[PDB]
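Next up is one chain by itself, shown in structure tokens, the form deposited in one PDB entry.
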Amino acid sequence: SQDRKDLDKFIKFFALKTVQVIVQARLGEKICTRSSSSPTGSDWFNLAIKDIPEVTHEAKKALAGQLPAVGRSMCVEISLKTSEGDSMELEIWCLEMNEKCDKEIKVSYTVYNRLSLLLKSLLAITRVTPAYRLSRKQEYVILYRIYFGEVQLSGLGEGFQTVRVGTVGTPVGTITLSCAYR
């Protein structure tokens, strides 16, 4: 059906924009995008999120042309390298897709708008984790890696905490976006 093909478009570009928002929030300076009443056919989810080609390339190589699903989740690992070379996993942003589907949605445009709000929640949450205050004063250098898991957080050290940025139900299952930080 074309409906779930468009749904695959929405999941794909939502994942790409997720990586964009996270990496750009760890970029070391303030982000600023202007609004437009006459937009372009590239403003996904009614949000001005300028794609930076290097991280779209890395993200696509991590996705290998696939989408998240049950047992297959996309992760963005934000880590730190110092002068001595100590590597620490500071954040693991997880984009899970569980099994519970919901048929009561017209996947037409409700999923699109709620995914838009999920990207807005991601925008707000990416600035209240301690790794943001770290990455703004950057000495230190921040690194990112996108990988398709099989998520595990053993490299976070005991005592991590998880913030949930939100969930969005779809006829193929509910999407969850959260972060596990040190």
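For every residue, the number given is its place in the sequence shown, counted from 1. Whichever C-alpha set is largest while still superposing within 1.5 Å between the two forms counts as the rigid core.
Novice: Specify whether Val107 falls into a modelling gap in a third or more of the other PDB entries of this protein.
Specialist: In at least a third of the comparable entries (those modelling both sides of it), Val107 has no coordinates.
Novice: Count up the deposited residues without coordinates from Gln138 to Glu139 and drop the result into none, 1 to 3, 4 to 9, or 10 or more.
Specialist: Just 1 to 3 residues are missing between them.
Novice: With reference to the PDB entry, specify whether the mean Cα temperature factor is higher for 11-19 or for 167-175.
Specialist: Of 167-175 and 11-19, the stretch with the higher C-alpha B-factor average is 167-175.
Novice: As stated in the PDB record, which stretch has the larger average Cα B-factor, 153-161 or 127-135?
Specialist: Between 153-161 and 127-135, it is 153-161.
Novice: Quick one: which of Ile31, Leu118, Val70, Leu47 shows the highest Cα temperature factor in the PDB entry?
Specialist: Within the set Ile31, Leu118, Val70, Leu47, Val70 shows the top C-alpha B-factor.
Novice: For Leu80, does the deposited CA B-factor place it in the lowest, middle or highest third of the chain?
Specialist: Highest third.
Novice: Of the three thirds of its chain by CA temperature factor, lowest, middle or highest, which one includes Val107?
Specialist: Highest third - that is where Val107 ends up once the chain's C-alpha B-factors are sorted.
Novice: Splitting the chain's C-alpha B-factors into thirds, which one does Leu95 fall into?
Specialist: Tercile = lowest for this residue's CA B-factor.
There is another form of the same protein, the form deposited in another entry; it is not shown, and what comes next is about it.
Novice: C-alpha of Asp102: shift of 2 angstroms or more between the shown form and the other one, rigid core aligned?
Specialist: Yes, the C-alpha moves 2 Å or more.
Novice: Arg164 to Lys103, Cα distance in the other entry relative to here: closer or farther, by 3 Å or more?
Specialist: It is closer: in the other entry, the C-alpha atoms of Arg164 and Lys103 lie at least 3 Å nearer than they do here.
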